[PDB]
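Residue numbers (the entry's author numbering), protein chains in the order written: chain A, 1 to 1472; chain C, 898 to 1013; chain H, 323 to 475.
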Amino acid sequence: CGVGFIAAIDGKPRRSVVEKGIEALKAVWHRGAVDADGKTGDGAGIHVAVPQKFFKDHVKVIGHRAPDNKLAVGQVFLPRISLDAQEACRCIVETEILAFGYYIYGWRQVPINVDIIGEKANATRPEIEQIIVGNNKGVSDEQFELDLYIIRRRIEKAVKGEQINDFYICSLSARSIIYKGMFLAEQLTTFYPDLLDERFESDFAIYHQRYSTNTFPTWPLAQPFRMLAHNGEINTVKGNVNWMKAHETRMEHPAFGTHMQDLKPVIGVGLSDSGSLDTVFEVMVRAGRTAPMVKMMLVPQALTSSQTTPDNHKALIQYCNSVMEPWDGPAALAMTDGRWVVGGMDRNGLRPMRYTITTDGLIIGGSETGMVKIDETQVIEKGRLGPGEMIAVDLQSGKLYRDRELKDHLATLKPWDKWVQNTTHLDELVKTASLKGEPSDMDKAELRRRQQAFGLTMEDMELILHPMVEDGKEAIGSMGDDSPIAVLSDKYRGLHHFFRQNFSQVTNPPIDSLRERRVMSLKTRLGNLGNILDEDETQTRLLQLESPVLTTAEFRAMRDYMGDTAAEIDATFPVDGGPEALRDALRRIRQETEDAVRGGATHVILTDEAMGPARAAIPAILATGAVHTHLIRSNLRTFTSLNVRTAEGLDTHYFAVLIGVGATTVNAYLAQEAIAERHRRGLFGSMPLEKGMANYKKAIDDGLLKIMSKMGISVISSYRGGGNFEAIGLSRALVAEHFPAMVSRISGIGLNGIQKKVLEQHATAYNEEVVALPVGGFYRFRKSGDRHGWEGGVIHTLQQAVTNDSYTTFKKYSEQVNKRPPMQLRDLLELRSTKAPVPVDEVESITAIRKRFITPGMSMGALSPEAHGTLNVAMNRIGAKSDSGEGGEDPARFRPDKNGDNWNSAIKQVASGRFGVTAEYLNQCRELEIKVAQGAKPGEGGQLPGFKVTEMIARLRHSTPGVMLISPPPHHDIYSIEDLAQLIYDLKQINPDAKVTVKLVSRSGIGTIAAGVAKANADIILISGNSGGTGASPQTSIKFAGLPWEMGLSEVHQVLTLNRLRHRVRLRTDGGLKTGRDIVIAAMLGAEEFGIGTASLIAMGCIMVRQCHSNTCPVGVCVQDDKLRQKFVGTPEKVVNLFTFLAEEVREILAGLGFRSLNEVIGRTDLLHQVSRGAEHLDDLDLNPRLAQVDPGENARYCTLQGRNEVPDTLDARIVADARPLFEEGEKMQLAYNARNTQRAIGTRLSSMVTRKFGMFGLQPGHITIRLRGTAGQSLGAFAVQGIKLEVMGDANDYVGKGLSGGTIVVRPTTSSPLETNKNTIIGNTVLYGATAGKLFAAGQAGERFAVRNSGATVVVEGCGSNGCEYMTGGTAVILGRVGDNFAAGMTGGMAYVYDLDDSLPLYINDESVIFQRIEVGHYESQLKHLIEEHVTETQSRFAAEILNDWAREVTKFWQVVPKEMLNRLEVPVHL
Amino acid sequence: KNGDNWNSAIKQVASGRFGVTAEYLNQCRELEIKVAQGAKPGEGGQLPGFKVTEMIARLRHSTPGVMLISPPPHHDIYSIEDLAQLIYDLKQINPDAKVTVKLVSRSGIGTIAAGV
Amino acid sequence: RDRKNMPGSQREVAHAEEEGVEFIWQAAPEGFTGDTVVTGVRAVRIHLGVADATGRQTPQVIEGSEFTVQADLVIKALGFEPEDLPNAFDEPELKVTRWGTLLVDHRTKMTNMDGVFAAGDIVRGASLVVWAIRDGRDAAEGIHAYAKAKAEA
Ligand SMILES: Cc1cc2nc3c(=O)[nH]c(=O)nc-3n(C[C@H](O)[C@H](O)[C@H](O)COP(=O)(O)O)c2cc1C
Ligand code: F3S
């Protein structure tokens, strides 16, 4: 994977550009996916300029006369199987080109070499040809390009008319050409030998290679595209296509003319995200703008509210943000207009981009700093690209614009200042809105009768609403979800329960909303859409809101401002209408809306205040969805807005789905009425009503940001109307008709069931006297409320059976479990074989089955030490595996005790926080595990309350005792699938024996991701369910996130069997397993190993108190207190008996069916049938999508290989061959080698050998030293231990010093380089991620997110970037230069010194948890002095030497940054 | 303790046999028979009388303060069967080391090298 | 400049310090205060940077430190430069570089025009006496060789 570009600055063609482009493509084979075939690739492409001399010579040879003006060439992919569709395509192309009047010279067959393509990329290979078109009309060049663009668009439309397949036009221009295909990266100049000619010379070049997630290549999907090249992924593609459909109905420009009609569906069908973004980019460029302006408009910068940028740029970005919705996602872009050549980044800066300027007037940018070979004595400046930055080259003038210079040159075209001031705000109107006209609050009886009509219980106001008004933050739950799914219940579950939220797996990282909050906006605009192809003042005249949610006073003020332009629509249907009253009401409202919009109205208010004893209220979700979809399909949405007044919104999940469906603003008045009525009774204490409303709105805003952040979307504008949810339990027809773009894998209730539920609840509310709301059980069990998976009798029976060791009692327990009405998806399935029963004593032995169960990870932060030790003792006794979870483990238990117990854990986890990951913690296991997402809370980090962190856990995690620890939602290491492959390579290098497990969460589209991670050499996939327990997490994330594991597992199995990849990995599942029937069902679906989890805790004494977070669990399971931990009653015999009973039940079931092994039943789907609940529920659930049986072929239906998937050997092997006297005698050594950027994990296997031999601290510092010269690759010296010293002369790419554990790394420029050390980037991104001890001295500027999750390391660098020292927990760090924005975000341990000259640190720092001062104590000056002296000694810098020379006057320039939590814990206080 | 290892990998078997013991030969990876030095061929290495302190005297098993002049020949290698016998002895006493013969450039070294 | 970079000798500084002199290192003259005769010297204090990659330090004036020393007789001992030889010797064709030291070949020590030689202190700069003796002996050898080659033919 990788994108890059090369450009001659002066703008003159030369062969060296293409030569270096090919050389750079020849050296990216290590980031791609290898194959056992060796010939199969997954895409490659290059994009260069047209060599006029070549084609003119060809035309001369044919017999024509070479024209004077530039010649045009187009490359086409025609069908290959049928020799008639080729002629039809040729006829179409020729009759369309000759329609404008241009002259066709002829066709040419591109010479190729097919002997190097694989077997699958060759069966779908198209026929490649070129067409030569000359400009005989003498028209200009820009008009020539415009005509060629229009010709290509109309040709595409025409060939799509007659339904001809396998036709593509890779490029059609007179300036540039594209050579791309589905071959290997290094085999490009072999498949296309034309590039070996001496006449292919250009002044720019772009190159790209991708990393696919499936194994069915399609040639028209490889990059680069026409005028773009993208590396990464776009989050909002289902939300941007809709707004593009809405914008298409008004855009026009006088350049195209009548042919504008042939450009209406600008985004075709069957493209990828990088194809859609490219199409819109090109249609915006061809209309007059230039590449920098279009990049600024499509992918903007972070509109920070700071004074570090001039307000000229602020006005510019304001206009660009007001004109168009952003296109989010991790993205490195390398685009090229006809004139400019631009390289840019996204808002967050997740992908890397590094460039280099030479003295030959050459700029080279890419993903790595060692792709092309350049001598050090000829470079001028090395650099990087921050978040939102860009660098451009102007070829027509021959100039190089860096970031700020390009911004200044771009901010001089139009007077944006006089245009932006046309906007108006709302808080001003709320202030000028006189405090009169406050209506009367509804009576208690009316309030109760309106609340009963929606099913609101008394716990909905005493558990999840009181915290919002009281503190301003959502609630916290402490256990998994055990409630029935929405469609299988019998009470009234609102329509907002059928929609589960989404998140992002390894293919996409989430965003931290607690620290990186400065790049997330909740702005709203009314009266915004217009023609996006002009430049005027009417585009910046609108109403602007700072939040989509509104109170009642703000809504009344907005209504008064709107006046007679809005239209109020009723949303009620008659209760006595009939069996189809809801459908008629939907049709009525969706016709009245269209009738009112055409009549000049520009605001649609969807009010349902008319709910009475004879009119039921339509669910707001369905109504707003119908209205928005109808306005989209009728070319009217761009005219008006859509404001909703709902009477059901109480929590942050309702507003989320209302805004995701398409509503603009949402006002919830019933919640405000309840708040006022609870305040007038004197329940909140002494706070005024305005304080309650402010806290409630703040809580709603933070909840919206948290929900929107689980996906990677950082702006509300590009998230609205995109449908980022999943419908479970709804009909396919209803979903496909009323909701824009959502998937409903299994069907559900239609409109009749919804009408029945609504009418029944409304009758219950309005036909009987209500005296008080029902108590209600949804989060806690109550006799009146719903049913639960874990009830009293079940728990007591299980505990008695496990304690007294009686199989009959456990069978009674399993019967009680399997006799309740259906509550999950696996309850509607039934086992039915056709063989004859076999005697029970013939099936596999109980041991051979117990060795298939494991216990999932439960961190030592959540559990007590005794419970963790008990589980680990029990599992290591029967032969199966256990898990330690995050939070590390105690090293003293790394040995069997005197009695014979083994308190260790056979599976170590690698969480997001890297909480205890060291070099010895990884060499004491048999299987590693990469936790991407948890079952309960997906796309979010695990939490740990403050008081739960005692001194023991503080020492165990290397943190501060008594402070809340929240892991970051992303990994900062896994930003794409190639990053996951790199991390797997690192983990397989540090431990030469373990197997790498990847943990996922079931959802829609997990099959492609699982097929992708299977190519990354992982051998175990884990599919967690939506019902998994947890130690602490919010309620909205527990109840409304995830999917049942039956969907994810059954999809992953099918997708892996389809790609011939199932026979290499093992599948594992967990979440909601209680009896053996569920185990057999999961084995039938495809799983092979099983995780138990919560049931284990119930065998040891847990009684589902659900108070784990509050640190007062009675039985003492999840507590860190002493007097409660004295109440532990656990015993390993209990867990052993539980596992024994569970295995015996599976033996019984297998004997009853007629098989003799779990191998004979894995994958055999035909033994499962679906039975309906009856003829009174009428739910149309069809489970056939999960019962589909793909035929495997000649391979088996499970893993049939031993050992791990091996990886290619790195440089370390050679080192192990040489440093033999170190391992045989223990003597100092000294080695020197040559480093290259295609050599990953330099010095990790040696670290494993040293850790196994001497230990982490057995050798003196600097026992073995290695000297490398050149550009080191990725993960330089990951997980190195004390005694290893790597010294690099040159620069390292990425992840340098990851997981350092006492080693030493020194990076310095070469001796023969004319470069200032403090003005050129030397290391890359994510430096010292989660290190625990050691040193690192660099002699340049670091990259992005410098020293994240540092715990014990001491680093000295001469610069930094954005988000430096993010969430640092311990150690010291000196920075001799400028820093980036959001410095020291979430820092909670350690100390920092910054050498700041221009007095600008108060403008960049995030003064939330840290304080910055001047150095005042000599005890702290001596530290800095010694640190800088050691830096000068090691790296031999000149800037640091200059600082040390003038010490007395430069000591007064340092800023000392100290956390707030370490102000009363330091020995020597920092103050006087 | 620092990891420094002061030993040497190549031991010499000179004409004087000044320190050749049964242990001095089992602490190496390669033996060496010095027939002639490059500077002074056909002559023995010298050591002035005052260069022999007490340490060197106890280490070479000699008398402190005496001029040491090694015999030009070996008294062991008078012809090529003698050299073959000496090489056999050296390969017998140490079962893992190699044997190198140090010569000096002149005319006729080709036949001598072929004989060695 | 600093002490260890005194262009002269090092025992001379010790002798001067023992005889009763007071040195002031790293100071540059800024002005002279007086009415008709000098009465004091207002000077500044400079600071030397670290040696570059070539072996030369850059000085920078400290903005705060400025003092005045009482002076009754000031003596300028800056240095010396060559004079204008082509315009004072009626031969304006002498090859002369920027600073003024005329150019000569390395072997015969001969100037542009034949017959005229030049070697000594006017060629080097602020050199020493032994360098002058060496240059004189070389010039003597060259003159002898040239005179012989001339007198023969
Ligand atoms: C108290 C508690 C702590 C947990 N801690 C972790 C954890 O640290 N990492 C993790 O991946 N899963 C954690 N889990 C989830 C379990 O690993 C497992 O996915 C879940 O318990 C399965 O649910 P089940 O027991 O109902 O089958 C935790 C669960 C509980 C109840
Ligand atoms: S559910 Fe949790 S609060 Fe205690 S009783 Fe069980 S560990």
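Virtual Cβ for every residue (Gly too), placed ideally from N, Cα, C.
List in chain order the residues whose CB is within less than 7 angstroms of at least one heavy atom of ligand 2. Near ligand 2, meaning a beta-carbon closer than 7 angstroms to one of its heavy atoms, we find A:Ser-478, A:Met-479, A:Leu-1097, A:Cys-1102, A:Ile-1103, A:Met-1104, A:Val-1105, A:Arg-1106, A:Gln-1107, A:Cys-1108, A:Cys-1113, A:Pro-1114, A:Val-1115, A:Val-1117 and A:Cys-1118.
Boundaries of the beta strand (DSSP E) in which A:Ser-176 is found, first to last residue: Mapped onto the first sequence, residue 176 of chain A falls at position 176. Per DSSP, the unbroken beta strand (DSSP E) holding A:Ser-176 starts and ends at 176-181.
Does A:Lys-1228 get closer than 9 angstroms to chain C when you measure Cβ to Cβ? Within the first sequence, residue 1228 of chain A is the residue found at index 1228, counting from 1. Taking 9 angstroms as the threshold, the shortest C-beta distance from A:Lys-1228 to chain C falls below it.
Closer than 7 angstroms at the beta carbon, the chain A residues around H:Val-372: By one-based count along the third sequence, residue 372 of chain H stands at place 50. Against H:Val-372, the close residues of chain A are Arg-1438, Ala-1441, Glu-1442 and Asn-1445, in the order they occur along the chain (beta-carbon pairs closer than 7 angstroms).
Give me whichever residues DSSP pairs with A:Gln-1341 in a beta bridge. In the first sequence, the residue the question calls residue 1341 of chain A occupies position 1341. DSSP, once it has assigned bridges, lists A:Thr-1321 as partnering A:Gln-1341.
For the alpha helix (DSSP H) containing H:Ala-462, name the first residue and the last one. Counting from one through the third sequence, the residue named residue 462 of chain H turns up at place 140. Under the DSSP assignment, H:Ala-462 falls in the alpha helix (DSSP H) whose first and last residues are 451-474.
Output the boundary residues of the beta strand (DSSP E) element that contains A:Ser-1301. Position 1301 of the first sequence, counted from the start, is the residue given in the question as residue 1301 of chain A. Taken as a continuous stretch (DSSP letters only), the beta strand (DSSP E) holding A:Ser-1301 covers 1301-1308.
For C:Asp-901, which residues in chain A fall below 8 angstroms Cβ to Cβ? Here the question's residue 901 of chain C lines up with position 4 in the second sequence. Chain-ordered, the chain A residues with CB closer than 8 angstroms to the CB of C:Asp-901 read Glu-1227 and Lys-1228.
Any heavy atom of ligand 1 within a distance shorter than 8 angstroms of the CB on A:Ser-859? Numbered from 1 along the first sequence, position 859 holds the residue referred to as residue 859 of chain A. Yes, ligand 1 has a heavy atom inside 8 angstroms of this Cβ.
Run the proximity test for A:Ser-1024: is its beta-carbon closer than 8 angstroms to any non-hydrogen atom belonging to ligand 1? Counted from its first residue, the first sequence places residue 1024 of chain A at position 1024. It does: the Cβ of A:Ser-1024 is within 8 angstroms (strictly closer) of some heavy atom of ligand 1.
Could you tell me which of C:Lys-908, C:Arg-926, C:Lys-937 and C:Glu-927 sits nearest to C:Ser-1002, measuring between CA atoms? As a working note, residue 1002 of chain C is residue 105 in the second sequence. Nearest C-alpha to C:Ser-1002: C:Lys-937.
Residue environment, A:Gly-1389, which counts as buried when at least 16 other CB atoms sit within 10 Å: If you number the first sequence from 1, residue 1389 of chain A lands on position 1389. By the 10 Å Cβ count, A:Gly-1389 comes out buried.
Taking the alpha carbon of A:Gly-1072 as the reference point, which residue from A:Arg-1060, A:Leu-1043, A:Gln-1054 and A:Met-1100 has its own alpha carbon closest? For the purposes of this step, residue 1072 of chain A is taken as residue 1072 along the first sequence, with counting starting at 1. Checked all of A:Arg-1060, A:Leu-1043, A:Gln-1054 and A:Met-1100; the closest Cα to A:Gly-1072 is A:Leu-1043.
Exposed or buried, which one is residue 1475 of chain A when buried takes at least 16 other CB atoms within 10 Å? There is simply no residue 1475 of chain A to check, as chain A begins at 1 and stops at 1472 in what is shown.
Short Cβ contact (9 angstroms threshold) for A:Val-1288 with A:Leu-1328: In the first sequence, the residue the question calls residue 1288 of chain A occupies position 1288. In the first sequence, the residue the question calls residue 1328 of chain A occupies position 1328. No.
So that I know if they touch, is there some Cβ in chain A lying closer than 9 angstroms to that of H:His-369? Counting from 1 along the third sequence, the entry for residue 369 of chain H is found at position 47. By the rule that beta-carbons nearer than 9 angstroms mark a contact, H:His-369 touches chain A.
Please classify H:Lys-472: is it buried, with 16 or more other beta-carbons within 10 angstroms of its beta-carbon, or exposed? Taking the third sequence and counting its residues from 1, the one referred to as residue 472 of chain H is at position 150. Classification for H:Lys-472: exposed.
Interface flag, H:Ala-399 vs chain A, CB-CB below 9 angstroms: The count along the third sequence starts at 1 and reaches residue 399 of chain H at position 77. For H:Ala-399, no Cβ of chain A is located within less than 9 angstroms of the residue's own Cβ.
Limits of the alpha helix (DSSP H) - the one that A:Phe-810 falls within: On the first sequence, position 810 is the one that residue 810 of chain A refers to. A:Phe-810 -> alpha helix (DSSP H) spans 807-818.
Look at the alpha carbon of A:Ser-173 and the alpha carbon of A:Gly-74, and state the distance between them as a whole number of angstroms. Taking the first residue of the first sequence as 1, we reach residue 173 of chain A at position 173. Taking the first residue of the first sequence as 1, we reach residue 74 of chain A at position 74. Spanning the two alpha carbons is a distance of roughly 6 angstroms.
DSSP state of H:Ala-393, grouped into three classes? Within the third sequence, numbered from 1, the residue matching residue 393 of chain H stands at position 71. H:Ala-393 falls in the coil class under three-state DSSP.
Cα separation between A:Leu-1097 and A:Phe-1128? Locating residue 1097 of chain A in the first sequence gives position 1097, where the first residue counts as 1. Locating residue 1128 of chain A in the first sequence gives position 1128, where the first residue counts as 1. CA-CA distance, A:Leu-1097 to A:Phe-1128, rounds to 12 angstroms.
What number of angstroms, rounded off, separates the C-alpha of A:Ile-1305 from the C-alpha of A:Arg-354? Within the first sequence, numbered from 1, the residue matching residue 1305 of chain A stands at position 1305. Within the first sequence, numbered from 1, the residue matching residue 354 of chain A stands at position 354. Approximately 22 angstroms, taken between the alpha carbons.
Under a Cβ-count criterion, where at least 16 other Cβ atoms within 10 Å of its own Cβ denotes burial, should C:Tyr-985 be classed as buried or exposed? Numbered from its first residue, the second sequence carries residue 985 of chain C at position 88. Label assigned to C:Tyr-985: exposed.
Complete beta strand (DSSP E) runs within the stretch 697-745 of chain A (minimum length 3 residues, chain order): Taking 3 residues as the shortest admissible run, the stretch 697-745 of chain A contains the following complete beta strand (DSSP E) segments, listed from N- to C-terminal end: 725-727.
Take A:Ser-274 as the anchor and find which of A:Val-237, A:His-247, A:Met-297 and A:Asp-805 has the nearest alpha-carbon. Here residue 274 of chain A refers to the residue found at position 274 when the first sequence is read from its first residue. Comparing alpha-carbon positions, the option among A:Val-237, A:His-247, A:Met-297 and A:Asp-805 lying closest to A:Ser-274 turns out to be A:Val-237.
Given that a residue counts as buried once 16 or more other Cβ atoms are within 10 Å of its Cβ, and exposed if not, what is A:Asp-57? Counted from its first residue, the first sequence places residue 57 of chain A at position 57. With fewer than 16 other Cβ atoms from the protein chains shown falling within 10 Å of its own Cβ, A:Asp-57 counts as exposed.
Output, in chain order, the set of chain C residues within a Cβ distance shorter than 8 angstroms of A:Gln-1260. As a position in the first sequence, residue 1260 of chain A is number 1260, starting the count at 1. Going along chain C in sequence order, the residues near A:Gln-1260 (Cβ under 8 angstroms) are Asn-899 and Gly-900.
With 9 angstroms set as the bound, which would you pick, yes or no: does the beta-carbon of H:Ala-349 sit closer than that to a beta-carbon of chain A? Numbered from 1 along the third sequence, position 27 holds the residue referred to as residue 349 of chain H. For H:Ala-349, no Cβ of chain A is located within less than 9 angstroms of the residue's own Cβ.
Jot down the residue ranges of each uninterrupted alpha helix (DSSP H) in the stretch 522-601 of chain A, minimum 4 residues, whole runs only, in chain order. Contiguous alpha helix (DSSP H) elements confined to the stretch 522-601 of chain A occur at 552-562 and 581-598, taking only those with 4 or more residues.
Outcome for A:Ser-202 when other beta-carbon atoms lying within 10 angstroms are tallied against a minimum of 16: The residue labelled residue 202 of chain A in the question sits at position 202 within the first sequence. The residue in question, A:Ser-202, is buried, as its Cβ has 16 or more Cβ neighbours within 10 Å.
Out of A:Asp-897, A:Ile-605, A:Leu-545 and A:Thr-540, which one is the CA nearest neighbour of A:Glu-568? One-based indexing of the first sequence puts residue 568 of chain A at position 568. Of A:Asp-897, A:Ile-605, A:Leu-545 and A:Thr-540, the residue nearest in Cα terms is A:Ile-605.
A:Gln-130: beta carbon under 8 angstroms from a heavy atom of ligand 1? Looking up residue 130 of chain A in the first sequence gives position 130. Result no, Cβ not under 8 angstroms from ligand 1.
Beta-carbon gap between C:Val-932 and C:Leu-1000 smaller than 9 angstroms: The residue given as residue 932 of chain C occupies position 35 in the second sequence. The residue given as residue 1000 of chain C occupies position 103 in the second sequence. Yes, these two residues count as a Cβ contact at 9 angstroms.
Assigned exposure category for C:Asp-901 - 16 Cβ within 10 Å defines buried: Position 4 of the second sequence, counted from the first residue, corresponds to residue 901 of chain C. With a 10 Å radius around the Cβ and a threshold of 16 neighbouring Cβ atoms, C:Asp-901 comes out exposed.
So the candidates are C:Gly-939, C:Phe-915 and C:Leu-983; which of them puts its Cα closest to the Cα of C:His-958? Locating residue 958 of chain C in the second sequence gives position 61, counting from the first residue. Selected option, being the one with the closest Cα: C:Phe-915.
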